[PDB]
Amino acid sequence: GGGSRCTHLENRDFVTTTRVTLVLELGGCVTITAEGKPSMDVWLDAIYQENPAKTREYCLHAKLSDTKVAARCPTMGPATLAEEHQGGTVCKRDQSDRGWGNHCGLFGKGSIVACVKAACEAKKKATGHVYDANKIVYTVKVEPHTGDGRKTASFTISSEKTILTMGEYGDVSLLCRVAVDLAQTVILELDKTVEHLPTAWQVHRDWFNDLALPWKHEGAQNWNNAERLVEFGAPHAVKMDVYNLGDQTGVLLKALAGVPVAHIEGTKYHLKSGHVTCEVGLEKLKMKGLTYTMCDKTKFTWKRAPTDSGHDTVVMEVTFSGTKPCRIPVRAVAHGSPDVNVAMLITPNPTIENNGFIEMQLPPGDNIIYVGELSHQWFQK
C-alpha cells in the first residue's frame, strides 16, 4: 500500500516552513507535502458522541380506544364526560339537532361531547437524541503518503493537543479546534418494523420540535397533543363517531426526503457534516531511506502504467527485480526538452521495499515519464 485511501477520495486537497494550518472536513482528506520531509495524509475520520441525551419521542400511529359520547337537550346546558379533565384523552364538543323523536321537550341544537383514549401503537414511535459540545469526540487520522502505518488521534473540547509517532518517519504534532449549534442538532430514528428504512437522520432541533404529532418524554404515562391524530365525525342526536388519522410514517418520510441520513454504530452517534481546524507540526518528521542506494534503472516493470489520479496528478505502480531496498529513480521531460526535469513528486522519496506506488504532478502538454529506463508517454490536460 502506502497511503492509497486519500488517492481515492473526491474531496482531496494538497497543502505545500515548519507548521501548517488545515481545515479537515468529514469525507475529505488532505495531503501535506514538505521539502526534505515525507508526505502525510490527514483526515477527519469521525465526529460522534457516545450516549447522547434523549429528547421527546413522537407517536406515528395512535391506538384509539373506549370512545364515549354524552348529549344534553336544548336549554339543558353542556354535555360532559369525566374523560374531559383526564390525561390520555382527546375530546370534542359539538351540537346536534334534537326533538321529540329523541327525548327532548324542545326542537333545537343540544350539546354533544365525544371523548376517546389515545395511546401509541407498538413500534410506531420516532425518537431523538441531542448533541452536547462538551461530550463530542472527533477522530483525526494520519498516514504516511509514501507508496510502500495509519495513526489515530481522538480529540475533545478539553483535550486539543496530541503527538503521534509515525514509526520510522518521526513524530507529528496536532493542535485541533472543533466548529454548528450542537445543542440544536437532533439525530432522529424511527422504531424498526418489517420495512427497510435508513438508520437515522440529522435534523435541526427547532424543526424536530415543531412536528405536528403527539409527543411525550420517555416514562410519561400519556401523550401530549394527541388530538393531532384524531378526527371526529358529524354529530347525530346522541352519537358522534371518532376516527383515526392513520399511520404518519409516509408523512414523516416525505418531509425527510433530501434530509441527510446519519449513522449509529453501537452507542456512537455520528454527525453527518462538520469540520475541524488543525495545526500540523512537521519539525520532528524525518525521511526514511537516507542510507538506501539508487535502484538499478533497467530492473523495473510497469505493474500499472501512468494514469490520472482524478486530482490533476499522475499515479503508477512499478515492479522491481534487483537488490532491495532501494531509492527509485524518477523523472519526466517536456516533449522536446530531454535535459530539464518537470516532475513534481507527491511521493517525494519513492522506495522499493522487501515485499512501488509513485504519484507526480506535471505541467500541461506532451510529457514522457521515466521510472529508471522504463518510459511512458503522458499528455497533461
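Numbers for residues come from their place in the sequence shown, where the first is 1.
In the deposited sequence, the stretch from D191 to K192 has no residues without coordinates, so the chain runs on without a break. According to the PDB entry, the deposited sequence contains 4 to 9 residues between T16 and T17 that lack coordinates.
Set 118-126 against 279-287 and average the Cα temperature factors; 279-287 ends up higher. For the pair 343-351 and 24-32, the record assigns the higher mean C-alpha temperature factor to 343-351. The PDB entry gives the largest Cα B-factor of the residues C295, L271, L197, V238 to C295. When the modelled residues of the chain are ordered by C-alpha B-factor, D45 sits in the lowest third. Sorting the modelled residues of the chain by their CA temperature factor places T162 in the highest third. Per the PDB record, residue ranking by Cα B-factor puts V180 in the highest third of the chain. Ranked against the other modelled residues of its chain, the C-alpha B-factor of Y131 as given in the entry falls in the lowest third. When all modelled residues of the chain are sorted by CA temperature factor, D308 is found within the middle third.
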